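# no sequence for this one, just the structure:
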Ligand SMILES: [Cu+]
Ligand SMILES: [Cu+]
Ligand SMILES: [Zn+2]
Ligand SMILES: [Zn+2]
């Protein structure tokens, strides 16, 4: 697809709509939208492997990692395909997301279509935390809201 | 994908979980699960083009129709790829779903992954209604519940 979208919902107040657009079938993917109800500051933001919401965000599984690498920040060569880093919420609890990434795609082997977008409780340490958890989840904490990434127009 | 799942939700009591499994990429897809909160009787069941829930089921667009054909029953040669017919709710408002279809697929250029599964208010006349609306939606009425089809473990 050339456009995708995910509606974020959780058990708390966190909610929002994130759009994805890929101009060329292989080019970078632009990610933008608004998320409200968040605490001010950094919040982990990743694409998880499964688009399964049968048990809330918990059933989405781990980070989308088709190349079986360690967790990292989006700028790192060593990272999960789904590692989009952090998004920042302002004093009013709003995160006006604006990310561009060349690793995720809306088609092919690294396609995030049908997978789950998740926004976390805490900041993602981008794999620089020094413990095993950092190399897996970035120590971003619980999943506050998530949504299945679907094809859009 | 080999497995997929859709969690149906709407503005009313209608909700459910529908599983998808395709043993081989060129094989048929098994669809099964249950939906509750329905009025006894037949209810339209189709895959709509967009996995866009920004406006609830309303933003899902029309029936997935990559081959540009007229609406029909799942067993009709002439039909939308997304046409899965009707599910049947019992006296307790529960419809137990068990279907096998060889038109829809969970992979390939025309995969239903990332699109929307919708359950309708009324019965799908399978495109035999005799009117123009029948050849489009099958007169299935409003969209009671829907969910984005996501990749499952
Ligand atoms: Cu995550
Ligand atoms: Cu439909
Ligand atoms: Zn990761
Ligand atoms: Zn149709």
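It's in. Numbering: from 1, shown residues only, chains lettered A, B, ... in the order given. Ligands and ions are numbered 1, 2, ... in the order given.
# near ligand 1, which residues of chain A show up?
With the criterion set to C-beta under 5 Å from the ion, chain A comes near ligand 1 through A:46, A:118. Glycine gets a C-beta too; all of them are placed from N, C-alpha and C.
# what do you get if the cut-off is 8 Å, keeping everything else the same?
Neighbours of ligand 1 within chain A, by C-beta under 8 Å from the ion: A:44-48, A:63, A:82, A:118-120, A:124, A:137-138, A:140, A:143.
# what segments of chain A are helices?
For chain A, helices defined by DSSP state H do not occur.
# not counting its neighbours along the chain, what's nearest the most centrally placed residue in it?
The centroid of chain A falls nearest to residue A:46 when counting by C-alpha atoms, centre = their mean (2.3 Å). Of all residues not flanking residue A:46 in the chain, residue A:82 sits nearest, at 4.7 Å (C-beta to C-beta, 6 or more residues apart in numbering or on different chains).
# for the residue nearest to the centre of chain A, list each beta-bridge partner.
Beta-bridge partners for residue A:46, by DSSP bridges, are residue A:83, residue A:118.
# ok, now how distant is the closest residue in space to residue A:59 that isn't next to it in sequence from residue A:60?
Distance criterion C-beta to C-beta, 6+ apart; nearest residue to residue A:59, sequence neighbours excluded, is residue A:52 at 4.4 Å. According to C-beta to C-beta, to the nearest Å, residue A:52 and residue A:60 sit 6 Å apart.
# pull up the overlap in contacts between these two.
Residues touching both residue A:52 and residue A:60 comprise residue A:116, with contact defined as C-beta atoms under 8 Å, 6 or more residues apart in numbering or on different chains.
# for the closest residue to residue A:20 other than its chain neighbours, what are its contacts?
Leaving aside its sequence neighbours, residue A:20 sits nearest to residue A:4 (C-beta to C-beta, 6+ apart; 4.0 Å). Taking C-beta under 8 Å, 6+ apart as the contact definition, residue A:4 lies against A:19, A:20, A:21, A:106, A:112, A:113, A:149, A:150, A:151, A:152, B:51, B:114.
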